[PDB]
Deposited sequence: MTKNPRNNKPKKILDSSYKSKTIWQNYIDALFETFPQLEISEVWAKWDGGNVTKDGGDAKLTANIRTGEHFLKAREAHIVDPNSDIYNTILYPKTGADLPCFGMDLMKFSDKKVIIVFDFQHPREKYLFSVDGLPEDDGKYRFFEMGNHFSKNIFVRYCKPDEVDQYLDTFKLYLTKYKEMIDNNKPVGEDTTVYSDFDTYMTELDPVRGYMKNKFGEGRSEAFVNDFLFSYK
């Protein structure tokens, strides 16, 4: 059972071609394990990969997924970080994440964002970065907006039909995310340092 189930459903209802090609990890961890990690690789028409991490424990439920489109049409990735940290607190982030360094991407008609702790806005995050904070029982209030972002992304995929498989397009992007993403603290704590290292470098941001 996950509070993110309707977001997850919407994603795969939009892109039903994204089927599991590799289960990269199913790990136990946390307290004596109360933490579980599932890391899947999915592939399908017009995508290089969709890499999906889902970490659950008694207090938290994190769904971290990036759709890497096929290269050749200068399309952004679609990224999400849906984090429940406790019974009282969640953060929802999703965005069009463009692989070009210091390149402003936007989709006119979408909400526009407004500074954050860790990343650099406008650099692999778009003008339409969507970040909200709320209670777990409140997450579906933003589902319709998420569905609009999915609709726009499906439109760009369907209209451009990229076919390239040049993973080096994503090198700067995966390098930036590796450098800046605050995933290491949580991961080491629950799973150990070698597993943390592998998860970040060989699964999350492996195109460096």
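A.B. asks: Would you mind checking the deposited sequence against the model and listing the stretches with no C-alpha coordinates?
C.D. replies: Residues missing from the model, as numbered along the full deposited sequence, span 1-20, 53-56, 138.
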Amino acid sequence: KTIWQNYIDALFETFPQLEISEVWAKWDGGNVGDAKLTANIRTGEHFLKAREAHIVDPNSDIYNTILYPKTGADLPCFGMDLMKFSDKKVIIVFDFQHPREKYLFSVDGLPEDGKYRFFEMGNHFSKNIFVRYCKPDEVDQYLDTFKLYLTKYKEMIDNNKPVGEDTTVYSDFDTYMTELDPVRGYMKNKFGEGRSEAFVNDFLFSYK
From here on, numbers count along this sequence of modelled residues.
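A.B. asks: Could you check the entry and say whether 143-151 or 170-178 has the higher mean CA B-factor?
C.D. replies: Going by the record's values, the stretch with the higher mean is 170-178.
A.B. asks: Take the C-alpha B-factors listed in the entry for 19-27 and for 5-13, compute each mean, and give the stretch with the larger one.
C.D. replies: Going by the record's values, the stretch with the higher mean is 19-27.
A.B. asks: Please pick out which of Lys102, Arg132, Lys127, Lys88 has the largest Cα B-factor as recorded in the entry.
C.D. replies: Of the options given, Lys88 has the highest CA B-factor in the PDB entry.
A.B. asks: According to the deposited entry, which of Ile55, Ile41, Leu67, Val32 has the largest Cα B-factor?
C.D. replies: Across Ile55, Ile41, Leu67, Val32, the entry lists the biggest C-alpha B-factor for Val32.
A.B. asks: Compared with the other modelled residues in the chain, in which third is the CA B-factor of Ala50?
C.D. replies: Lowest third of the chain for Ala50's C-alpha B-factor.
A.B. asks: Taking the values exactly as deposited, rank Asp81 by C-alpha B-factor within its chain and report the matching third: lowest, middle or highest.
C.D. replies: Lowest third - that is where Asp81 ends up once the chain's C-alpha B-factors are sorted.
A.B. asks: Sort the modelled residues of this chain by their C-alpha B factor and say whether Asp108 lands in the lowest, middle or highest third.
C.D. replies: Tercile = middle for this residue's CA B-factor.
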